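# A structural walkthrough
Each chain, written out:
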There are 2 protein chains.
Amino acid sequence: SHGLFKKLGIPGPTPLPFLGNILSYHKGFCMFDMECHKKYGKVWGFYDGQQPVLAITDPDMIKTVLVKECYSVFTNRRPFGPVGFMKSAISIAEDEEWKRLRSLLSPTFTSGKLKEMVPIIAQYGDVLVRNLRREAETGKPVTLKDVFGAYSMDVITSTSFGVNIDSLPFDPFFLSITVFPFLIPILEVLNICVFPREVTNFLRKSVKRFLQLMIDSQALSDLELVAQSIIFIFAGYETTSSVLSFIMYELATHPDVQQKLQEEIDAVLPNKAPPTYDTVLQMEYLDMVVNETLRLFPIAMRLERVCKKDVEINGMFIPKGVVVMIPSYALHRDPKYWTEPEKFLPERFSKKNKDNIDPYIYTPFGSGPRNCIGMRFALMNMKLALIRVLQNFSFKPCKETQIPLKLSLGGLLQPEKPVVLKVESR
Amino acid sequence: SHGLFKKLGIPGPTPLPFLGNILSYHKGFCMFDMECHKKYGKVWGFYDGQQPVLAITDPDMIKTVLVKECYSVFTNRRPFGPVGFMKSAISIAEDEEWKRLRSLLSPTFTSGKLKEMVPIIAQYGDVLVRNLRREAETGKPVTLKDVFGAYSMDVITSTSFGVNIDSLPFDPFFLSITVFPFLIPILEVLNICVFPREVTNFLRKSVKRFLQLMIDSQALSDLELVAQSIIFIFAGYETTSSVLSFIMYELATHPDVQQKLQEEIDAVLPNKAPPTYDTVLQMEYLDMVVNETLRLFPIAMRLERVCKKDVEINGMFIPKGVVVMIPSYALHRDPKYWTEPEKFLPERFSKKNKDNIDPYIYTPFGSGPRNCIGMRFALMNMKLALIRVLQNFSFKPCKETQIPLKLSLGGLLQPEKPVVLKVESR
Ligand code: HEM
Ligand code: HEM
Ligand SMILES: O=C(NCCCc1cccnc1)[C@@H](Cc1ccccc1)SC[C@H](Cc1ccccc1)NC(=O)C(F)(F)F
Ligand SMILES: O=C(NCCCc1cccnc1)[C@@H](Cc1ccccc1)SC[C@H](Cc1ccccc1)NC(=O)C(F)(F)F
């Protein structure tokens, strides 16, 4: 099984027995792909344990896989286990089960359903400013992800089910998953779960204890309703808090961008006006700061699809079973598309330059029928948070602020040291 | 996973944890299904370990599964492992891989390719008579499957590759397969094989050391060419020898049928004429003896298909993943279709009665696009053997002959004691 890429004439690092190329993950996925992209070029291959993975970087080939041939050949991502009842989760479900869920949960983030959330989300931002107003009178550094995640958790529990909460689950084992994918069926029969069975049991009843748009379209079951809640509750918590952490870091280390951002926020919203739906989509420099940070830090790093039958896309044969992977972190930093790629420059996304950008190289939300379902909510949730917070505070680095910011070497685009900055009240 | 049939309102025996209903296999598949068919009726369910299996006995529902909805929903049989390179075997392959092989190997048993085999098969029958002429001058009982299998092996090696050979591989572990189907992926990474690795290695080179119709249509690979050879070499050996054993047993315990058979053999072939292709299809009492024996002893017992997506066939919902099984042994002995079913009566298949028989109850060769590919060869190979042997010898029971014949309790319709009879020369 380790000769598939030598057979196909597809270059790539030489795998070791059993381990495949997993030892190269010692610098993390990101550094690995970046090197691989430089070592072999437009297409290479490797082996996650015994699993052959093909990395494509051709925008037409990517558009073919993510969009053109999704419903037919590349419907599902890499199998993930032990999952248990979470197999029915939309990010985990496959084939006709997924198509049903993706239709049943699509009308949750329509342009109208989000517009009803702006008056509701506008409460915890004041809880966020007032929670930030207490640790700023105190002249001390601040952990952003804590106060952001506390904010983000307030939003996710209320935008889906609605609960007024003032928020003042969760290399190690998965290392054995990839060399022992034959052990995943073992763990599924032991009720073993990558999600600890006390975190889910806390919710296998708490959900019985978006929510409205599920039973109303019930068709849909009940234990699957809990599993979708878990996906959303994580997605809205971690992703929103993590990217907001990255954004406030970049604003602090690039102060000119921060002021020019505060100037537009007070122009569209004078006298510190409440951000409404229509004023959020008007702030284009806000959008430029958001996109550029997502370029440097696509939390997902990679987009993956399982080839489910033999194909010959764009002149290249791809055999059945190969996991097709798009190195998103690698593409977002390729000098063959980005001038001075490591530098933070939101002017890449101005309406003067936003057209020299291939939407199949910059894919922080995926593409095609399987892209991020809550893309429009996450942009709206973050922008309402950046408006309300940059309307009241400025952000400076501290002595303990990590500069340059080191990325983690795990499986999530997280910083090594938590992001701490000084906050000052305008 | 053990409540699927209580949910669906489908009756069946109560399963034990982990074991499912496997403990009921203590009397063998046949007795189990026969009881289940009587206990619950037209449809029941059970659990092979954790695997839900639905047993259908409705001829329209069977015709729906085997024929009408084969290419769409019921393409593949129950997964079988550890197989190794034998995963590419046609009886084991799935989905588009199977469709390719079934097309590439279909023109091996055409009406013309078989007609070229009659002059070739006509040699070892004389080796069979002369091998039987030596242990008949000796007034002693005879093991039929030995001299039949020696004959059958002579035919299979020459009808496919061609080798003049005078022939004077192979409850226990699989018991753990069904309660540990999660262990099949484990064994596939250890090169562990249900076919001992020295039997295949004897052939992983011997085939490099039907055969003509494979490279000529090479498309087709080479390690897969060996795997198809293994399937055919087993199929032609064991099945042919085993059914011939059953046929000579039934002729001995029912002597009137044997004489009436010898009378037709000498009528179509006077002076002990060599059986040709066209004279074999003329002997209708020969065909009646063959069909009736296959009714009592369908070596396969069961036909199985894996439901690969939700369906509602003939008013019954069937969920994704359920193994749909047709209890062939049970149906061939159902009094609601067969008068006095345990009695050997070839007159069921005369042209006066052959029309009161549903070809979706009597299915000794399956049905639909996945039926026995070598059905026409096996009938021809056996009939050429019965003609040449009943033209020279008669068969009487011995003191050690097992009467009534006990079936084995394993996973193949084999007799407990080998079939031994006395042979006399005409
Ligand atoms: C900055 C914020 C976010 C980013 C960058 C992001 C990014 C992504 C990416 C790259 C994918 C994979 C796309 C693909 O495979 O083609 C994805 C999938 C997904 N995202 Fe997000 N996401 C964010 C926030 C959210 C939020 C708030 C939710 C709320 C429910 C969410 C729900 C999902 C789901 C359910 C999927 C699976 C899609 C499917 O299987 O149909 N995401 N996301
Ligand atoms: C008395 C002799 C035989 C009987 C009763 C018999 C019976 C059967 C049955 C019941 C099936 C399954 C059909 C289904 O699942 O719907 C099958 C499959 C098969 N048989 Fe036979 N068989 C016999 C001899 C042979 C011979 C001589 C060959 C020679 C190659 C052969 C090759 C196969 C193959 C390859 C399959 C798998 C079909 C597929 O997956 O496409 N059989 N047989
Ligand atoms: O649900 C999962 N993530 C997407 C859910 C929320 C989200 C996060 C980021 C952005 N948007 C949405 C993965 C595990 C998980 C975690 C928490 C709750 C419940 C479950 S399991 C399936 C994932 C496929 C996948 C990964 C990242 C993003 C999108 C989709 N596969 C792997 O992580 C693999 F190991 F193969 F690399
Ligand atoms: O190849 C296999 N048999 C069919 C091949 C020849 C044949 C025999 C009888 C009549 N015709 C043709 C089975 C194992 C095997 C044995 C010998 C060589 C190589 C391989 S493996 C796949 C089988 C599906 C299956 C079973 C019986 C008949 C037809 C098809 N599945 C199981 O036996 C399961 F355990 F699920 F119950």
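Every chain's residues are listed with numbers counted from 1 in the order the sequence is written; these need not match the entry, and residues without coordinates are not shown. Here chains are named by letter from A upward and ligands by number from 1 upward, in the order in which they appear as written. Computation of side-chain values: all heavy atoms of the structure, hydrogens and water removed.

- The record names X-ray crystallography as the way this model was obtained, at a resolution of 2.81 Å.

- The PDB entry lists chain A under the name Cytochrome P450 3A4, from Homo sapiens.
- UniProt positions are given in the numbering used here, feature names are shortened, and annotations may be inferred rather than shown by experiment. Check the Cofactor section of the UniProt entry for chain A; it says "heme".
- Quoted verbatim from the Subunit field of UniProt, the annotation for chain A is "Interacts with PGRMC1; the interaction requires PGRMC1 homodimerization."

### Focus on the overall build of chain A
- Where helices and strands are cited, they refer to DSSP runs of H or I of at least four residues and of E of at least two residues respectively, numbered from the N terminus. Scanning chain A from terminus to terminus reveals 18 helices and nine strands.
- Here the C-alpha coordinates of chain A stretch approximately 65 × 50 × 35 Å along the principal axes.
- Here's how the labels work: a residue is buried when its accessible area is under 20% of the maximum for its type, exposed when over 50%, partly exposed in between, all with a 1.4 Å probe on protein chains only. Expressed as a percentage of its 426 residues, the buried residues of chain A come to 53%.
- The method behind every accessible area is Shrake-Rupley, applied with a 1.4 Å probe, and residues are considered shielded solely by the protein chains displayed. Of the roughly 19,800 Å² of accessible surface on chain A, 57% is carried by carbon and sulfur atoms.
- Within this scheme the basic residues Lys and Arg register as positive and the acidic residues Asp and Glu register as negative, but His and the chain ends are omitted. Charge positions come from single atoms, namely NZ of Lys, CZ of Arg, CG of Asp or CD of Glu. Where the 51 positive side-chain charges of chain A centre and where its 45 negative ones centre are 2 Å apart.

### Examining the relation of the copies chain A and chain B
- To overlay the copies, their C-alpha atoms are matched by a least-squares fit. Laying chain A over chain B is done by rotating through 180 degrees and shifting 0.0 Å along the axis; what remains is an RMSD of 0.0 Å. Look at the turn and shift together and you get a two-fold axis relating the two.
- Residue by residue, 100% of the interface of chain A is reproduced at the interface of chain B, so both copies engage with the same surface. Contact between two residues is taken to exist if any of their heavy atoms lie within 4.5 Å; hydrogens are not considered.

### A few points about the site of ligand 1
Residue and element names in this part refer to chain A.
- As a matter of local geometry, ligand 1 sits amid 27 residues, with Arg-77, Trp-98, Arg-102, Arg-305 and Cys-372 nearest to it.
- Polar contacts here mean pairs of N or O atoms no more than 3.5 Å apart (in protein, one a potential hydrogen donor and the other a potential acceptor; neighbouring residues in sequence count only if both atoms are side-chain atoms). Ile-90 places a main-chain nitrogen or oxygen 3.1 Å from an oxygen atom of ligand 1.
- In terms of residues, the shell around ligand 1 owes the most to one element, helix α13 (residues 223–253), which gives six residues.
- Under the grouping applied here, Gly and all other residues not named as nonpolar or charged are polar, the nonpolar ones being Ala, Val, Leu, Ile, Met, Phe, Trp, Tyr, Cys and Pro and the charged ones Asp, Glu, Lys and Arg. Grouping the constituent residues of the shell around ligand 1 by class yields 16 nonpolar, seven polar and four charged. Whether a residue is near a molecule or strand is decided by its heavy atoms; if any one of them lies within 4 Å of it, the residue is near.

### Digging into the coordination of the iron atom of ligand 1
- A donor here means any N, O or S atom no more than 2.8 Å from the metal (3.2 Å for Na, K and Ca); water is not included, so a site may seem to lack partners. One donor from the polypeptide reaches the iron atom of ligand 1: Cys-372 of chain A (SG), at 2.4 Å.
- Its place among the elements puts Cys-372 of chain A in the loop between α17 (328–331) and α18 (375–390).

### Looking at the packing of aromatic side chains
Residue and element names in this part refer to chain A.
- Note on ring pairs: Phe, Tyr and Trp rings are taken, using the six-membered ring of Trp, and paired if centres are within 6.5 Å. Classes follow the plane angle, with under 30 degrees stacked, over 60 edge-to-face and the rest tilted. In the structure shown here, the tally under the stated rule is 30 aromatic pairs over all chains.
- With 5.2 Å between their ring centres and 90 degrees between their planes, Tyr-25 and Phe-32 make a pair best called edge-to-face.
- On the basis of relative accessible area, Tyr-25 is assigned to the buried category, the value being 19%.
- Residue classification places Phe-32 among the buried residues on the basis of a relative accessible area of 4%.

### Side note on the environment of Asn-291 of chain B
Residues and elements named next belong to chain B.
- Within the secondary structure, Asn-291 is located in helix α16 (residues 284–296).
- Considered as a pair, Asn-291 and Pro-346 are 55 residues apart in the sequence and their alpha carbons are 7.5 Å apart.
- For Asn-291, the residues in contact, after removing those within four places along its chain, are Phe-349 and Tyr-362.

### Brief notes about the environment of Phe-46 of chain A
- By secondary structure assignment, the location of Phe-46 of chain A is in strand β1 (residues 43–48).
- Residues in contact with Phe-46 of chain A, not counting those within four places in the same chain, are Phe-5, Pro-13, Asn-21, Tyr-25, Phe-32, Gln-51, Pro-52, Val-53, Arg-302 and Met-325 of chain A.

### Quick notes on the coordination of the iron atom of ligand 2
- There is one protein donor for the iron atom of ligand 2, and it is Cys-372 of chain B (SG), at 2.4 Å.
- Coordination at the iron atom of ligand 2 comes from six donor atoms whose angles at the metal span 79 to 178 degrees, giving a geometry best classed as octahedral. In these descriptions, tetrahedral denotes four donors with every angle between 85 and 135 degrees, square planar four donors and octahedral six donors with opposite donors over 155 degrees apart and the rest between 65 and 115, and irregular any other case.

### Thoughts on the interface of chain A and chain B
- At the interface, seven residues of chain A touch seven residues of chain B.
- Between chain A and chain B, roughly 790 Å² of surface is buried when both sides are summed, and carbon and sulfur atoms account for 81% of that area.
- Take a side-chain nitrogen of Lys or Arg and a carboxyl oxygen of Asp or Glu: if they are within 4 Å of each other, that pair is a salt bridge. Taken together, the connections running from chain A to chain B amount to zero salt bridges. Buried area is calculated as the accessible area (1.4 Å probe) missing from two parts once they are joined, with the contributions of both summed.

### A closer look at the UniProt feature "binding site: heme" in chain A
- Per the UniProt annotation, the sites labelled "binding site: heme" are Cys-372 of chain A.
- By relative accessible area, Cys-372 of chain A is classed as partly exposed at 34%.

### A word on the pattern of salt bridges
- One pass over the full model with this rule turns up 36 salt bridges over all chains.
- One salt bridge in this structure joins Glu-284 of chain A and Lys-351 of chain A, with 3.2 Å as the shortest N-O distance. One end of the pair, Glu-284 of chain A, is in helix α16 (residues 284–296); the other, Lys-351 of chain A, is in the loop between α17 and α18, with 67 residues separating them in the sequence.
- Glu-284 of chain A sits in the partly exposed class, given a relative accessible area of 40%.
- Its relative accessible area of 57% is what places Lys-351 of chain A among the exposed residues.
- The partner of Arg-302 of chain B in a salt bridge is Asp-33 of chain B, and the shortest N-O contact between them spans 2.9 Å.
- For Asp-33 of chain B, a relative accessible area of 3% puts it in the buried group.
- Here the salt bridges do not stand alone but share partners, grouping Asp-33, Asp-48, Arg-78, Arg-302 and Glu-304 of chain A into one network.

### Focus on the sheet that holds strand β9 (residues 420–425) of chain A
Residues and elements named next belong to chain A.
- Spatial strand order, β3-β9-β8: three strands in an open sheet with antiparallel pairing. Here the strands that pair on one side only, and so sit at the sheet edges, are β3 (142–143) and β8 (393–397).
- Strand pairing follows a simple DSSP-based rule, namely that at least 2 bridges must link the two strands. Across five bridges, the pairing between β8 and β9 is antiparallel. When the sheet's bridge partners are listed, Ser-394 is paired in β9 with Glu-424.
- Where helix α7 (residues 124–137) meets the sheet, it contacts β3, β8 and β9, and its direction lies at approximately 50 degrees from that of β8. Simply put, an axis is a line fit to the C-alpha atoms, just over the touching stretch for a helix, and the angle between two N-to-C directions goes from 0 to 180 degrees.

### A look at the packing of helix α14 (residues 255–268) of chain A against α16 of chain A
All names here are of chain A.
- Here α14 crosses α16 at 145 degrees, and the two axes come no closer than 8 Å. Two secondary-structure elements touch here, α14 through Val-257, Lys-260, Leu-261 and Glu-264 and α16 through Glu-284, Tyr-285, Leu-286 and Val-289.
- Looking at side-chain class alone, the contact of α14 with α16 contains five nonpolar, no polar and three charged residues.

### Some points on the site of ligand 4
Residue and element names in this part refer to chain B.
- Contacts to ligand 4 come from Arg-77, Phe-80, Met-86, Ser-91, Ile-92, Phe-195, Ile-231, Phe-234, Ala-235 and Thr-239.
- Between ligand 4 and the protein, one listed contact pairs an oxygen atom with a side-chain N or O atom of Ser-91 at 2.8 Å.
- Protein contact buries 68% of the 700 Å² of open area that ligand 4 shows by itself.

### Observations concerning the sheet that holds strand β2 (residues 51–56) of chain B
All names here are of chain B.
- With mixed pairing, the four strands of this open sheet are ordered in space as β1-β2-β7-β4. The open sheet is flanked by β1 (43–48) and β4 (302–306), the only strands paired with a single partner. In this sheet, neighbouring strand axes are inclined to one another by 25 degrees on average, regardless of whether the strands run parallel or antiparallel.
- In this structure, β4 lies alongside strand β7 (residues 323–327), joined through five bridges in antiparallel fashion. Counterpart to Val-306 in the pairing with β7 is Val-323.

### Brief notes about helix α8 (residues 144–160) of chain B
- For a helix, the expected span equals 1.5 Å multiplied by the number of residues minus one. Spanning 17 residues, α8 of chain B covers 24 Å between terminal C-alpha atoms, matching the ideal 24 Å at 1.5 Å per step.
- Within α8 of chain B, 14 of the 17 residues are buried, which leaves it mostly tucked inside the rest of the structure.

### Observations regarding helix α14 (residues 255–268) of chain B
Residues and elements named next belong to chain B.
- The first and last C-alpha atoms of α14 sit 20 Å apart over 14 residues, in line with the 20 Å expected at 1.5 Å per residue.
- All of the buried residues along α14 are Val-257, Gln-258, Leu-261, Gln-262, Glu-264, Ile-265 and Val-268. Seen along its axis, α14 keeps its buried residues to an arc of 165 degrees; they face one direction. Exposed side of α14, more than 90 degrees from the buried face: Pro-255, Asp-256 and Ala-267 are the residues found there.
- Those residues of α14 that are buried are in contact with α13 (223–253), α15 (277–280), α16, α18 (375–390) and β8 (393–397). Arc, as used here, means the arc of the directions from the helix axis to the C-beta atoms.

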